[PDB]
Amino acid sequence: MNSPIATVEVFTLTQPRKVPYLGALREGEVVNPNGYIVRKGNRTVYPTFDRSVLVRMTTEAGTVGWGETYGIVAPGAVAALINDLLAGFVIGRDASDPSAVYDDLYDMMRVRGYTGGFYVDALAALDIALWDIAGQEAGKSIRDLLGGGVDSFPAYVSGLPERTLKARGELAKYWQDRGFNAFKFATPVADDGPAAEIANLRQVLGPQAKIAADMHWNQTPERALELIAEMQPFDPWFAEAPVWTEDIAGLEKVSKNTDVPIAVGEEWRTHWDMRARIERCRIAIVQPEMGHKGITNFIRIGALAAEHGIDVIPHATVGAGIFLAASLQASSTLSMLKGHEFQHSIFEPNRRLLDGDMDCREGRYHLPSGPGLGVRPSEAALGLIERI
């Protein structure tokens, strides 16, 4: 029934970015070795390309599962973890209980403090591939295997890649006319500030639209609160990532001193990360990123949200569509799911990279139909992947 894992193969898929992105670099920033650039304003490194890490996992019987995680930065890190260490402890196991395999792999390195970061990125890719196999072997979609899920849910527009405030609103209105009712903007994009941006968006989109602000971490708690106050006359849906990730005291302060819902969680890895915040802060929404987390982690974060009446609105990002499909599968089973980030500019071009009916239209994701993940890399994608 469940055939042992025979092989674990790691790949990268690297392609040119197809969105204007270098407009964010306004301070004379220079490309560093291997194509990296640091934005001076937030000190964060960015790739000059799109890249993710893909895993092909094959049973003795020939069932092929796929997983994926972040590969934008030093994909050799995940590749080393899998090739040197983790693959050996997956091979010979089977997919009868994927979460048991995850928990064993996690346990190998937890006491040495590798409880997140690249280690969990690696585990995420293996976990998605193993659940894909489990579903295929059962003849069930992952969501079915997880107890049942819905086949569609709301999607919000993320990413307004235009140079001017005016053109950003025109882009949002274009998406509104396509049947989207929920939107998010990033505060560093906003030249006259987040208040002027939300003011424009609110005017353009009308009072019924949901308009969230991604505050993108780089504030003191006091400044975060000031900016949230400036935005609040325009009815923000939520304020996301008001302070640095490490600053739980600062998040606590922000969350207890505004009524604007606070959303966090894209950069977490496990429910343990969630526990550290919700035990201290007022968190309205969690925003898990499947590519960092894997299905086992995502399901446990979802269950913890249900315990505390916290809404779940998952993140989305640069990737081939494999971890996104995983996100949809897992998200669909969650009682606290309100909807899901939609990166139109990433999703649209990568239809070519996938076999499988995953769609997003008229403000809703439509889940794929097949057993397991329901998607796989297309023949075109297989021509592009490189071994790592």
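Residue numbers here begin at 1 and follow the sequence given.
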Residue range whose averaged C-alpha B-factor is higher in the record, 156-164 or 121-129: 156-164
Residue stretch of maximal mean CA temperature factor, 266-274 vs 226-234: 226-234
Residue, from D151, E252, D107, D84, that the PDB entry assigns the highest Cα B-factor: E252
One of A24, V375, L13, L367 has the largest Cα B-factor in the entry, namely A24
Temperature factor at the Cα of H292, chain-ranked in thirds, falls in the lowest
Mind checking which third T115 falls in for C-alpha B-factor across the chain? lowest
Relative C-alpha B-factor of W175, binned into the chain's lowest, middle or highest third: middle
Where does the C-alpha B-factor of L384 rank in its chain, lowest, middle or highest third? lowest
Third of the chain, ranked by Cα B-factor, where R39 sits: highest
